[PDB]
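Just one chain is shown here, as structure tokens, and it is the form deposited in one PDB entry.
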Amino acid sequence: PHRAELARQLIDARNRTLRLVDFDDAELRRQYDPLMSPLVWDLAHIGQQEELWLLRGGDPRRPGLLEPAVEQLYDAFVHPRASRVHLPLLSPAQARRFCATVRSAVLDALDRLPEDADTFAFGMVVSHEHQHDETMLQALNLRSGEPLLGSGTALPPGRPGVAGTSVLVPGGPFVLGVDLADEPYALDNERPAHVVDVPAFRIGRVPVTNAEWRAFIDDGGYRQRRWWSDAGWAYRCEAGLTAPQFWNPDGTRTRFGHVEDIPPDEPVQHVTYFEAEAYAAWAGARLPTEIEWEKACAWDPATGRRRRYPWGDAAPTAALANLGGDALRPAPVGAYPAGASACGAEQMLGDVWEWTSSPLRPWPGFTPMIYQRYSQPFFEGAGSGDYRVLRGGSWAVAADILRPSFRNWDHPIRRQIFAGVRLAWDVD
């Protein structure tokens, strides 16, 4: 954009990062849960990736500030999450110094870029840092003990008449994905724009709520194998799943260390893919495919056009969606009527990541971005395991990095992520 706007975005991302590591060194070195890196790992990894993609042209053979063996401590493919707490990592002071040195050089580089030069990598790195900010939030939510963060900023109230209900998405061709011409910082797996024929289906007007999930629990949903897939039931049994994560026996939940009543009308959060598909079956529905999801989000059947956001082309605001990290929770269903898609689906962007039944697959014409290992290793059959795509962003996602076409994914056994469920149905 303006180089000034990119600088602004990089600086906002780093402000966020530095708030999330504004704790004692011992906190930053802790393993809150074996699923998660220590925060000091994400801190240095953020700087190392910024250096690699913006100062070293993505070529690790070009010299960096760190010895290559030190740099490789921050290679996510080499070091499984659980092992990272024991690695000989840079201290918090070293990591902050490294990040600052890199950032100074990056801002100078941005200044010096020729007019009309390609800036894709800068936007890619903004996305990378904000994504790690959400990862660090996941870790802080898992942390046992008295809260470090506050309990979250105010959200609007919900409204009656939306929970449980569905909207029709009329059948036919629509444009899936985007081109760089339209979204200059769309990540590689979002591209290119192409047509897919999607038969008529219905999708939930809002996500599944906590009170709805409690009904599933109360009817014995976790005790009845018929709602679950073979793999899902086996995992439910292995892991002893009986409720969403952080729901306590006494009916409270623990959210960033805060013990509180579970609000009935918020989207359910911290459920596995396997839980999501079991609830959907028990409810008489199914999960959407990600293609269904994106059509419901972005397509306007009255005009036969894609919208930039579900509501139109206006930049996200606090009146339109719950984004950016400050709320530390999703909003009550019905809280954002102005954020509805053309078909009437609300809270598609923000609040909770929504499970879909789609594995990650390339769109026809896919070509990798400079960070070649960002998507490709996770495509179905690429040999990295089983993944399902999540859509729409959560309350923790920065508005700057989110689009209807954005594709998250994870193993179906993961629920420390800020994920919930929106139902779908076939139409006859």
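Residue numbers run from 1 along the displayed sequence.
Form solved in complex with a small molecule: not shown, discussed below.
- Across the options 23 to 31, 64 to 72, 392 to 400, 40 to 48, residues that bring heavy atoms within 4.5 Å of the small molecule in the deposited bound form belong to 40 to 48.
- The small molecule is not shown here, and in the deposited bound form it never comes within 4.5 Å of any heavy atom of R307.
- Though the partner is left out of this view, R84 does reach within 4.5 Å of the small molecule in the deposited bound form, counting heavy atoms only.
- In the deposited bound form, the small molecule sits within 4.5 Å of a heavy atom belonging to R414.
- Taking the partner from the other structure, the small molecule in the deposited bound form has a heavy atom within 4.5 Å of a heavy atom of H132.
- The single contact residue among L148, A200, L113, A76, judged by any heavy atom lying within 4.5 Å of the small molecule in the deposited bound form, is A76.
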